[PDB]
Amino acid sequence: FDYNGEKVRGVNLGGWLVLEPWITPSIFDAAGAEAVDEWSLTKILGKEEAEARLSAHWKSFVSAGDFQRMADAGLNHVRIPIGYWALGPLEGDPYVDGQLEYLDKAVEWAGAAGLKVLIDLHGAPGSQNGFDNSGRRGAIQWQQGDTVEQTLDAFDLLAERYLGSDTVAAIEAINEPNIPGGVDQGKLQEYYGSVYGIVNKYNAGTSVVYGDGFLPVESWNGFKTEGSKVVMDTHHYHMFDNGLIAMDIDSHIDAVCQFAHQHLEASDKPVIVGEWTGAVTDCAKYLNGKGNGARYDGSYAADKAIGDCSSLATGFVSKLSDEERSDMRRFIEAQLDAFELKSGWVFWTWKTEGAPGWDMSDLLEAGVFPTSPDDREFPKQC
Ligand SMILES: OC[C@H]1O[C@@H](O)[C@H](O)[C@@H](O)[C@@H]1O
Ligand SMILES: OC[C@H]1O[C@@H](O)[C@H](O)[C@@H](O)[C@@H]1O
Ligand SMILES: [Cl-]
Ligand code: NA
């Protein structure tokens, strides 16, 4: 795929092969209050029952028809999180495997629908970020002990399995390595070099995707600058920062444009906005972790409430008003046009149990998500 010269238009399959509480709360809640991440979920259930419940979800959550709907929506890419444990749980891990059979199907189904797949190693041994979505929330132990070597071992098998397919256009080293949370950048760059070498052992045609580690994406200038070969992944969200979450719709749109002009256009590499969304609040149930509240309504970090989370926590955008859907679409269109100034975009996420603004499958049916660059209800922003 020509990342240097063509626009990525994608969606993530979040919550599928790496489960997250906010994406599928029912599954976590069926295992009780202490099931707060895939680690704890699988530990609580035990191996046999975890395999049963998680495999039921792997099978039901995604079909070929999902991929066809993605292609019908004007997409060309699907980013697919997978955890290291899919390639072999480590000694003592509670995790169960079996995801690879489903990722095999996704590659087939994506190909059939004309889509490329970006495989994303989303969770590393020890946790590269302390997020629930790494598998295990609550400390960063990646880079301790043998965790990096174990990450490369899993990455190698992942690359070996998939990079023979032209459907698999790109592979991401690790999702959201958390530099400000204590991931060492120099060591991260060494892991990035090793990942590049693994990719080139199997298929030098495949692009290597590197997260910016929460640093400004342009700070990565002069590292592995190689045209289409090496693509930066930056994640752009407006509900995890006090300044952004306080904004009205116009200010949100301006901040999207500023981000594109000051950061995306400042990078010496292709840059995908590999996660972004339609929501402007952090109201979705469990978004900040199961058992944590929301900035928006004052129930996180002693933030001062801006509004209530009564409408935006759960459900489907049909529950909202025409004006609320309209503003949501305005924010989405601005992001599409801003992010296509650089190399494109990959929405988070395809499907949820009802998280207003976060669920592309919902937003498409509701007429909120555009289906082409020409599908614009509002003037072009940025
Ligand atoms: O917080 C929203 C989303 O952010 C993403 O970066 C993480 O990579 C996802 O796994 C998470 O659901
Ligand atoms: O990229 C999105 C991520 O941003 C981080 O700053 C937050 O701590 C995470 O909760 C959030 O998922
Ligand atoms: Cl960043
Ligand atoms: Na909530």
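When a residue number appears, it is its place in the shown sequence, counting from 1. Reckoned from all heavy atoms, side chains included, excluding hydrogens, waters and symmetry mates.
- A perpendicular orientation is assigned to the rings of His238 and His236, their planes being inclined by more than 60° (bins at 30° and 60°).
- Every ring-ring contact (aromatic ring centres under 6.0 Å, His included) that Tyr191 has, sequence neighbours left out, goes to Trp142.
- A salt bridge links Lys290 and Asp29; the closest N-O separation between the charged side-chain nitrogens and carboxylate oxygens is under 4.0 Å.
- Looking only at side-chain heavy atoms (C-beta outward), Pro125 and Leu90 come within less than 4.5 Å of each other.
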As a quick check of understanding, evaluate side-chain contact (heavy atoms from CB on, under 4.5 Å) for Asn129 and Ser134, giving each step before the final call. CA-CA 7 Å; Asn129 52 39; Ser134 72; 3.2 Å; yes
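- Scanning for ring-ring contact (aromatic ring centres under 6.0 Å, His included) contacts around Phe28 gives an empty result, with sequence neighbours left out.
- The aromatic rings of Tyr192 and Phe223 are tilted relative to each other, their planes meeting at an angle between 30° and 60°.
- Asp233 pairs with exactly one of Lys269, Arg79, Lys342 by the salt bridge (charged side-chain N to carboxylate O under 4.0 Å, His left out) rule, that one being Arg79.
- Between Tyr84 and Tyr95, the ring planes are perpendicular. Angles over 60° get that label, and only those under 30° would be called parallel.
- Residues satisfying the side-chain hydrogen bond (donor to acceptor under 3.5 Å, both in side chains) criterion with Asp153, sequence neighbours excluded, are absent altogether.
- Looking at residues two or more places apart in sequence or on another chain, you find no salt bridge (charged side-chain N to carboxylate O under 4.0 Å, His left out) involving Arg137.
- Residue pairs that meet the side-chain hydrogen bond (donor to acceptor under 3.5 Å, both in side chains) test with at least one member in residues 181-190, sequence neighbours left out, do not exist here.
- By the ring-ring contact (aromatic ring centres under 6.0 Å, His included) test, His122 is found to be paired with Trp348, residues two or more places apart in sequence or in another chain being considered.
- Cation-pi geometry between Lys224 and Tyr210 is not satisfied (NZ or CZ under 6.0 Å from the ring centre, within 45° of the ring normal).
- Other residues sharing a hydrophobic cluster with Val346 under the 4.5 Å side-chain heavy-atom criterion for ILVMFWY residues are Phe1, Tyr3, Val8, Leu118, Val209, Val231, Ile272.
- Aromatic rings of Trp16 and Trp58 (six-membered ring for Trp) have centroids beyond the 6.0 Å cut-off, not under it.
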In sequence, state the C-alpha distance, the side-chain angles, and the governing distance for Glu340 and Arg9, and then conclude on salt bridge (charged side-chain N to carboxylate O under 4.0 Å, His left out). CA-CA 9 Å; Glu340 295 189 16; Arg9 299 187 175 109; 2.8 Å; yes
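- Taking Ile, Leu, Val, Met, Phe, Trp and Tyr as members and joining any whose side-chain heavy atoms lie under 4.5 Å apart, directly or through other members, the hydrophobic cluster of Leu244 also contains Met247.
- For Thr314, the side chain to side chain contact (heavy atoms under 4.5 Å, CB included) partners at least two apart in sequence or on another chain are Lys285, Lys319.
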Atom pairs and distances, donor-acceptor, side-chain atoms in residues 65-74, under 3.5 Å, two or more places apart:
residue: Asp66; atom: OD1; partner: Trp350; partner atom: NE1; Å: 2.8
residue: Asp66; atom: OD1; partner: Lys351; partner atom: NZ; Å: 2.7
residue: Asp66; atom: OD2; partner: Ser63; partner atom: N; Å: 2.8
residue: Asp66; atom: OD2; partner: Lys351; partner atom: NZ; Å: 3.3
residue: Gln68; atom: NE2; partner: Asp72; partner atom: OD1; Å: 2.9

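- Seen from the ring of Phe339, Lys7 does not count as a face-on cation partner, given the 6.0 Å and 45° thresholds.
- Between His263 and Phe259, the ring planes are tilted. Angles from 30° to 60° get that label.
- Remark: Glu365 pairs with no residue by the salt bridge (charged side-chain N to carboxylate O under 4.0 Å, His left out) rule, at least two apart or across chains.
- We find that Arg295 and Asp241 are not joined by a salt bridge, their nearest charged nitrogen and carboxylate oxygen being 4.0 Å or further apart.
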Could you go through residues 101-111 and list every donor-acceptor pair under 3.5 Å that involves a side-chain atom there, pairing it with any protein atom two or more places apart or in another chain?
residue: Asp104; atom: OD1; partner: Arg161; partner atom: NE; Å: 3.0
residue: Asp104; atom: OD1; partner: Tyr162; partner atom: OH; Å: 2.7
residue: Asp104; atom: OD2; partner: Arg161; partner atom: NH2; Å: 2.8

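- By the 4.0 Å N-to-carboxylate-O rule, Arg329 lies close enough to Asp375 to be salt-bridged with it.
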